[PDB]
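All remarks here apply to the structure that follows.
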Amino acid sequence: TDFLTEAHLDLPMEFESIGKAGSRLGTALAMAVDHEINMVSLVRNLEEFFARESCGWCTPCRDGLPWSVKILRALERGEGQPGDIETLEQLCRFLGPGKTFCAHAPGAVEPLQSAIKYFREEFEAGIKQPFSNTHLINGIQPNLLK
Amino acid sequence: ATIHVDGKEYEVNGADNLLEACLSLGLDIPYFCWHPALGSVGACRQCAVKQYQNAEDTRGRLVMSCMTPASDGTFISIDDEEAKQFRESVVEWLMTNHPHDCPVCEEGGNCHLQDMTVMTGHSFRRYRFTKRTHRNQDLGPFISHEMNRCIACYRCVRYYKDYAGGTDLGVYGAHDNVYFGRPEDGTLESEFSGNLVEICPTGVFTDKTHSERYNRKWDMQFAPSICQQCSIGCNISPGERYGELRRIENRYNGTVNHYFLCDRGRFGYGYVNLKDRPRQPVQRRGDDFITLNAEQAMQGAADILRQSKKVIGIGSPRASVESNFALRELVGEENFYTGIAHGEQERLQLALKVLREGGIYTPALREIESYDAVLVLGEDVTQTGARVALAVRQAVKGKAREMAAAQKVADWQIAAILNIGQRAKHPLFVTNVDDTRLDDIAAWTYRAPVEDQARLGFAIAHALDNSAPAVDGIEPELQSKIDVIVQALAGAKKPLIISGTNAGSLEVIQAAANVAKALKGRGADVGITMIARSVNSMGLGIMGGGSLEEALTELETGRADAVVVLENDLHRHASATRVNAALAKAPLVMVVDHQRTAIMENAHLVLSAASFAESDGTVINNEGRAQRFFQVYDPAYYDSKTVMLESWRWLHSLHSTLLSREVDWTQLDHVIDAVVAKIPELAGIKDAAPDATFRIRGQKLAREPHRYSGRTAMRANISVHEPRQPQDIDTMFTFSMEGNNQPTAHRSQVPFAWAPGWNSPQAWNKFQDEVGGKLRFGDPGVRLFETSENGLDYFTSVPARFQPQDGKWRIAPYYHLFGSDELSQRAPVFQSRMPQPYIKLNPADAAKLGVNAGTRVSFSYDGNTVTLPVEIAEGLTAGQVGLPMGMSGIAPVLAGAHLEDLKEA
Amino acid sequence: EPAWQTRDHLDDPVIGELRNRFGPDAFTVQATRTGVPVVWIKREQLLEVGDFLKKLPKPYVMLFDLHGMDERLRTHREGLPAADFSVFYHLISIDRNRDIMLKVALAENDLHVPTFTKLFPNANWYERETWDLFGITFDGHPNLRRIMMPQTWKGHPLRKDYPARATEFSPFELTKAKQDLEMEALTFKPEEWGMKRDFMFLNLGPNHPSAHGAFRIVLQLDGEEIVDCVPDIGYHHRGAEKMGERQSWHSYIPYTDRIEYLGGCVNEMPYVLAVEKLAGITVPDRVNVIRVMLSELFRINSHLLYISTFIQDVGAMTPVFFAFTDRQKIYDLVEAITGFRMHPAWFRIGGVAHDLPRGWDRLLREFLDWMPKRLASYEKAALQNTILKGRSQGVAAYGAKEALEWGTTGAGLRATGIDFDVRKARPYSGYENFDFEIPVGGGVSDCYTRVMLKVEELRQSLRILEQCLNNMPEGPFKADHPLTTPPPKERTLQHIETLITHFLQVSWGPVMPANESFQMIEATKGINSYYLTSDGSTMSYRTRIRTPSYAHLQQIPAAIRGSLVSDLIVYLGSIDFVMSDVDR
Ligand code: SF4
Ligand code: SF4
Ligand code: SF4
Ligand code: SF4
Ligand code: FES
Ligand SMILES: [Ca+2]
């Protein structure tokens, strides 16, 4: 289920009330996160669970939850690179209902998109390195894309 | 139904899903996990389109087109930006773990994953992390395993398990460590494991035999040919390079063998590349082997034939219709002998009489999958006609298909079909001398001698129709099982009776004909199938002639002093001692053959004939369909001293030089017209393929792809001057790229499938009118005979029970897919796959002889004491001894033959 | 809307004029990426449509192109009229700065069109070539004879059912053709050659001791005066368009190099721009600047060759040595950049093969310092010589009307005073970002006027090189399109998606979606254009190459008639043609 802030604490625990807030009522067993917990680490643990509990049937969950896991691991260690949060948002919008075979992957990406929506400064603080996908090959001039 | 794709109206079939409907219209949707034969499971999520509720809808929703029915008035969009971005993202997610392997991967240039990576327009990698790896397994001598290249599309497991009925391949592991293979290293047990190399869209399962002498797909020279390894007649595309046959790909025939071969056809092509094949005519002069060219060999052969007083010709079921006819014309109709035994020829003629005179429609191989009950009598189809066993498996799963259709579940939603049809299946009753490979799905298996199987068939025919002759001496529990078979067959809308000549019994074929007649008399839509032995067995039976025994007596009595043996080793159809004596007594033996046989030691002349890869011709398959196979390559292109001609070309030039003292290297269409004029029963083979004047808008049909490479360097080590392009006067194909292979060309013979953007075997979708259907403008091949209006009579010759007599031993045939076909045995890759020859014994009989499992016993037949190690066969009936047919020394004429002096060595 | 987008051009005023004159059902408008209105006209209305376009208020005065197409194997002909064959007519209105293609459909059996020679006199050779390569008869043509193949040739090579590869060589055919060449002078009939009527007959060729090729001219002479002359061409026919139907989109670039062999990258440019139109590729600015650099360097190379050849034809022998030293300097820079001298094959679909090597600006600066003093020396030593002026001025002059009616482009058309350069009128490859003038003549196209216009074009190309050296963008040398062929090499060598794209693009070929494109450029000798038809495959369905040397050689008899033979030699030297460009 999606994370909610303290402003949403004055909301009735009904399906339709939490639905319009941008979350799900779910099992109605709420879990509270204090200020001491880094949200990047918490969502990394959540995504590690959701990526190791994939059944491997369908491509977006099976091959996109580990990509988000590795991105969140890089953000945890400060090794994030530009385009990582954009990749997380693309994963969130491309693992929704209908895109994947079952509902495990939308429920996987709901806390990720909620944490990006409400706590983007914690995710932006993990990007410290410039983007580097290629290493220089001697004798070959690279295509310096702008 | 009516759909609207990207604002354009289309009329489709409402029973199909959206992906196959759009691929049938020429639209390009990327896809991985869907197959036209396997159904839709919606795993890979590659086929995503955007569906709208109505015409005035803007938002839409992403749906999987393989799982979306093509209902009437369905509005979708393929080129929607969101759908394109999602398909690119799916390809990118597949590409995150893919190995940097394309240069050193055997699927390069033939890869569906490459085609769909390019088709989505995804060429920039923004993934910087590590990629998962996997160890590889050893899958045997045929399939090479490379698990890193997998995209987890689940096609292999769905095909091998849900379609092929195999058990040893599966999916293991979890979330992103899914593994596809066997639980341990070992050979893939299925007889149809070779189709994994075309089912797998990546390089995980590859042809190891091709991977030895690997070349890329653009470098192959292809031809549309017919597989020569049994009588089914599956359409194949042999591809060659550098003068040797490199690969056998499946060629799509929507009426016969649509997407699938068997492993004998796919991998038993290695005999073509053997270095001991005859490549020049060789004449014996004392102890000298003089190599001749074509002209002087023809002159000397015709002179020696002219001095002879009577020349006889021994044909073969391996040779084509044209070559057998050319031998028949050379030696005369009364002197022509079919090179098979008298019992084999009698069974073949009876099977042909049942097929073209019994009044019962004989289905094609594709049409077998629509029957509601199957009775296989005495024929081990998995070892002799394997694709018929695959089609029988499909017909068996037809009951689950019908149960799912009763619940309004679409036919492409395969998972729901298998869920509804848990273990309910159509009735299958197989009879054999032992257990068959269809026993896992058979409703009942009858392990009995051939007489007892025939008596079971006659009892089934009598219980279905009381006009049929009755059987006396049926046990009450056998009678109960017969009654079970009778109520299963009588309640079937489309019953199918399969038999064949491999059982070695005439009475089995007679009983199958009686069952089919009894079902026909009740008003059922009964079909009958007869499995022959060799590729042109039905053609040789239609041509007719004497048996091999008559030719042997003609040689022994001295009435014939010249014998011409065409593509026959003569040891698989008669005893070796008698054949050797008759050939040593004959003052002239001329063997026209393409394989080094044992009878060329005493042959005066050996004509280096061409195999199927180097020749054109026509073959009649087990259902009486004439099919034209085309030459793949010219053998004289790389080795200019190679004189290797068609067998009909050799024999026609020999006839011309015998008559007018002048050679005549004729054309194929002339021999075809001669067959049509002389033999009216083979008049349909004119329409099997168009003649050599056939053009597509004035140009011929290309044998090699457009990007065929190295044309000024493959022969540069011999000479820097480029040789002349080999001219093809026999057929409409050319030995070059200068031709047509367009998927919209008005033709039925397609050498290989390639469309731009579709380099994989998925280009056959572009070559069909609808995917998974027929070839556009019809499938190649024409049925020779129609169904007769009136059928035969009931065969009253009911055999007695099998009596185990002391001293005698009835030989039960044990056919093997790798080892019973002669040319397939000659293939070096089959030597590892083929098993050690085990003589099969009952536990009671082995206890009577005191021999255990593995000890060697020696038996004598025709004065030949040979030794074999014993394997215990519990399903065998006492008084019988099991022999592996076609193997080293065990000719297939031993089926039903008695045996003497079975003693421990 | 990018420049490569498929347009129908229904907003062109010529479409409205044609609708108002002939009715809305008289023709079919085809949407293409050619950049021009493509209009399928019925065959019986072709002559009146051409006359109506010739009599417009701002008329279509030039027949730019005329050729056939075999459409029997074309599968994606949606929205097109039924045609086994077709004939297209490309017409240019200079006053409108517009152009229109007219297409006539033809059935397989009825392969005859009315001749266009009455409306446009330069249609003669185009119709001869279309008959030669397609078997399309032109009714009313004066001498419809073969122009590329010999007269004793069977079949039409550009048809789809004609085998492209070389036939097996035979000494019998060589001996027969040698005997035919020997008895050609003995049994010469001046009726099959299109001629009529003390009238000497002479053959100039076939071998010619010059650098523009080897071709034969049959001269009819009254003493020294030339009464009539027809050229025998096709001696240098390499079948380049048929090879366009046989190579992939990527592997055909070296063949585009050898169309005219003094141009190199200038010849590569229209082909790669047309393929990028088919691919939907908008190349970045650095690609445009690099391609302009190489085109201008090769333009200077070709112009130096042309000026040297003209001076040597006049009779001075030293400036060819000096300008070949200058050509060596240019070749040093080109060898450093591309790796080759005269056929670099360096342009790619989406960019160039490599980046510029580190240090190229030093060689460019050295050449830019070397060139102008040498050019001034050439002028003062040979081009201001009064003997050269007497040999050149007033020799084979024509006005703007003769240049327009014969399709003459390049320095001759601008020497007639018509300011029509492709780099300014219809800009391509970012030529709008360079400041350069277009030299024009006074209204009369002499040999001398053409040579001095080429000198001024050389100076303007030096100016372009100066601006490009002072202002060089930093960026990619290839576009970021999925159809950029090949992809950048380092990403190919370490990324699997790029490796897959590279694998399929170099082996099977890049898949161009089914469309028609066209690119016209100002080459070194005139206007060079590529017209490309893709049937959705990895090969070109049709590759039509319009070259200016063909039009200039067809203009040869209309300008040298009544002159001497030395004047003919000077006119040949001042045309700036090569025979490979004529025959291709
Ligand atoms: S989304 Fe569901 S079906 Fe798809 S792989 Fe994940 S757990 Fe399996
Ligand atoms: S399976 Fe296909 S994409 Fe993968 S390495 Fe092989 S050719 Fe390349
Ligand atoms: S091994 Fe091949 S067929 Fe099987 S899931 Fe992987 S990619 Fe698909
Ligand atoms: S079933 Fe018979 S014809 Fe078909 S591939 Fe196998 S051996 Fe060949
Ligand atoms: S093809 Fe439809 S999801 Fe795989
Ligand atoms: Ca042949």
Side-chain angles (χ1 to χ4, degrees), chain B residues 278 281 294 297-298 301-302 304-306 308 310-340 345 534-548 550-552 554-555 560-570 573 579 582-583 586 588-595 597 599-600 603-612 615-620 644-659 663-666 668 670-679 681-682 685:
Chain B
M298 284 280 99
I304 278 173
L305 279 193
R306 211 178 292 109
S308 294
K310 198 177 85 164
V311 190
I312 58 164
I314 300 176
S316 73
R318 289 204 285 107
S320 64
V321 174
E322 302 94 329
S323 47
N324 278 307
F325 180 78
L327 181 58
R328 184 169 160 276
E329 285 293 303
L330 165 72
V331 310
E333 158 172 27
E334 71 276 357
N335 298 319
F336 176 72
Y337 297 94
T338 66
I340 54 185
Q345 197 186 11
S534 200
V535 47
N536 203 35
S537 293
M538 302 267 120
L540 189 69
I542 286 174
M543 182 145 321
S547 65
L548 187 58
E550 306 178 18
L552 287 184
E554 286 290 315
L555 286 173
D561 50 349
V563 46
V564 184
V565 188
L566 172 68
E567 297 189 32
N568 206 328
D569 59 317
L570 303 179
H573 311 281
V579 158
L583 281 205
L588 174 73
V589 180
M590 188 187 324
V591 175
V592 189
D593 208 351
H594 60 87
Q595 294 302 315
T597 51
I599 64 170
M600 320 169 143
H604 179 82
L605 186 71
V606 171
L607 284 190
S608 65
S611 64
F612 78 106
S615 58
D616 317 286
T618 322
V619 281
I620 322 292
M644 175 182 318
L645 302 163
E646 286 88 349
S647 305
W648 51 267
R649 176 159 272 121
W650 277 125
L651 297 163
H652 186 274
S653 177
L654 187 50
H655 197 34
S656 180
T657 300
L658 187 66
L659 291 184
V663 301
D664 184 22
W665 319 109
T666 177
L668 174 66
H670 177 269
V671 193
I672 291 283
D673 293 332
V675 173
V676 170
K678 266 80 174 182
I679 307 176
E681 301 77 353
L682 293 161
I685 81 158

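The chains referred to below are lettered A, B, ... by the order of the sequence lines, with proteins before strands, and numbering in each begins at 1. As a basis for the values below, the full set of heavy atoms in this structure was taken, side chains included, without hydrogen atoms, waters or symmetry mates.
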Next on the checklist: Is there a side chain to side chain donor-acceptor pair (under 3.5 Å) between B/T338 and B/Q345? Walk through the geometry before answering.
Outcome noted: CA-CA 8 Å; B/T338 66; B/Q345 197 186 11; 3.1 Å; yes

Checking the side chain of [X] only, and the main-chain atoms of [Y] only, is there a donor and an acceptor separated by less than 3.5 Å?
X      : Y      : value
B/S308 : B/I304 : yes
B/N335 : B/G313 : no
B/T657 : B/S653 : yes

For [X] and [Y], which heavy atoms make the closest approach, and how far apart are they?
X      : Y      : value
B/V565 : B/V563 : CG2-CG2, 3.7 Å
B/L658 : B/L305 : CD1-CB, 3.8 Å
B/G339 : B/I314 : CA-CG2, 3.7 Å
B/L327 : B/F336 : CD2-CE1, 4.1 Å

Checklist entry - Atom CG of B/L605 and atom CE of B/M298: how far apart are they, to the nearest 0.5 Å? => result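 That separation rounds to 7.0 Å.
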
Item to check | Donor-acceptor side-chain pairing of B/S647 and B/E567 below 3.5 angstrom | outcome: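 There is such a pair (donor and acceptor under 3.5 Å, judged by atom type) between the side chains of B/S647 and B/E567.
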
Next on the checklist: Looking only at the side chains, is there a donor atom on one of B/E322 and B/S320 sitting less than 3.5 Å from an acceptor on the other?
Outcome noted: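 Result is yes, a qualifying pair exists.
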
Item to check | Contact check, side chains of B/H652 and B/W665, non-hydrogen atoms, under 4.5 Å | outcome: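 No, side chains not in contact.
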
Next on the checklist: Counting C-beta onward and ignoring hydrogens, is there a side-chain heavy-atom pair between B/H573 and B/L552 closer than 4.5 Å?
Outcome noted: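 Contact flag for B/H573/B/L552 side chains = no.
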
Item to check | Basic-acidic side-chain contact under 4.0 Å: B/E333, B/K678 | outcome: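 No, no charged N to carboxylate O under 4.0 Å.
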
Checklist entry - side chain to side chain contact (heavy atoms under 4.5 Å, CB included) with B/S656: which residues, sequence neighbours excluded? => result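 Result, side chain to side chain contact (heavy atoms under 4.5 Å, CB included) vs B/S656: B/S660, B/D664.
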
